[PDB]
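Only one structure is covered here, and it is reproduced in the block below.
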Amino acid sequence: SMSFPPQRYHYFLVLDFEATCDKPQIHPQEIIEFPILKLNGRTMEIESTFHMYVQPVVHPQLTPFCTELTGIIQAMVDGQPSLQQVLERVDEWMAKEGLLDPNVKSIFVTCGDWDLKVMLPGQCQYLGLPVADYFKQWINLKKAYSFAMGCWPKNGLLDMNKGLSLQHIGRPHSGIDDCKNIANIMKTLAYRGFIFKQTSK
Ligand SMILES: Nc1ncnc2c1ncn2[C@@H]1O[C@H](COP(=O)(O)O)[C@@H](O)[C@H]1O
Ligand SMILES: [Sm+3]
Ligand SMILES: [Sm+3]
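The sequence shown begins at 29 in the numbering used here and counts up one residue at a time.
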């Protein structure tokens, strides 16, 4: 096939939350890291980065497990805006990037469905906040990978990097680093000729 074919979107918006957690799981979970990488729709190159840590409210003190898992320390979320304000910052960032133009086509890309099917809508429902329409469609990279490679990856980014012989970027369970791996996997899948499609229902 053709390497780096024409794609259906002008930009891809790579997103990977980190959230409060514990062993056994904390309830409710709350977003504590909100990264978005804006990728050129054709080349998959990173052109802009949104990144904010978020101050949790229901369980404001990060557990030892959460800090061990994510590397996020208490001082990184203390003094930060809450999710409501971060969502307003995202909307302003989308506007300045030119992504609110109806003729500019973009879609979010996540590893799995959890981030936009479960985490964001669930916390927004808890807080009584509407979900912006652009969060309601996305590409699940694991499903896209399964069509591009003909196989179901077992453990997310690590196994997709393994299958494509890519070196892992940065630290697992860091939101921004997970985004960098998603973007690197996407670049390789496009190099192999894959055309990305919405997977969310
Ligand atoms: N092994 C785990 N045990 C408990 N919670 C987890 C685990 N892995 C991920 N999580 C939660 O899911 C969020 C997203 O995970 P990830 O995108 O894989 O870093 C984390 O920030 C945690 O809140
Ligand atoms: Sm993740
Ligand atoms: Sm992650």
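Idealized CB from N, CA, C, for every residue including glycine.
Query raised in the report: Can you name, in chain order, every residue of its own chain whose Cβ lies under 7 Å from the Cβ of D143, other than the five neighbours on each side?
Result: Counting from one through the sequence shown, the residue named residue 143 turns up at place 115. Counting only Cβ-Cβ distances below 7 Å, and skipping sequence neighbours, we find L43, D44, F45.
Query raised in the report: So, is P84 buried or exposed, given that buried needs 16 or more other C-beta atoms within 10 angstroms?
Result: Your numbering for residue 84 matches position 56 in the sequence shown. It is buried - the Cβ of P84 has at least 16 other Cβ atoms within 10 Å.
**Report entry** Neighbourhood of ligand 2 [Cβ distance below 6 Å to any heavy atom], ordered by chain position
**Finding:** Chain order is used for the residues whose beta-carbon lies nearer than 6 Å to a heavy atom of ligand 2, namely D44, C139, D206.
**Report entry** Buried/exposed call for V137, threshold 16 Cβ in 10 Å
**Finding:** Within the sequence shown, the letter at position 109 stands for residue 137. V137 is buried by the Cβ-count criterion.
Query raised in the report: Should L111 be listed as close to ligand 1, given that the test is whether its C-beta is under 7 Å from any heavy atom?
Result: Residue numbering aside, residue 111 sits at position 83 when the sequence shown is read from its first letter. Checking the Cβ of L111 against ligand 1 gives no.
Query raised in the report: When DSSP builds the beta bridges, which residues end up paired with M80?
Result: Within the sequence shown, numbered from 1, the residue matching residue 80 stands at position 52. Residue pairing for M80: DSSP places it in a beta bridge opposite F62.
Query - Continuous beta strand (DSSP E) stretch holding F224: start and end - result: In the sequence shown, residue 224 corresponds to position 196, counting from 1. Taken as a continuous stretch (DSSP letters only), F224 belongs to no beta strand (DSSP E), as it is neither H nor E.
Report task. Can you check DSSP and say which residues form a bridge with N168? Result -> Locating residue 168 in the sequence shown gives position 140, counting from the first residue. Answer is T138, bridged to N168.
Query raised in the report: Is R70 near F40, with beta carbons less than 8 Å apart?
Result: What you label residue 70 is simply residue 42 of the sequence shown in a count that begins at 1. What you label residue 40 is simply residue 12 of the sequence shown in a count that begins at 1. Contact: no.
**Report entry** Cut-off 8 Å between Cβ atoms - residues of its own chain near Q165, not counting five sequence neighbours on either side
**Finding:** For the purposes of this step, residue 165 is taken as the residue at position 137 of the sequence shown. Same-chain partners within the cutoff: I135, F136, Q226, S228.
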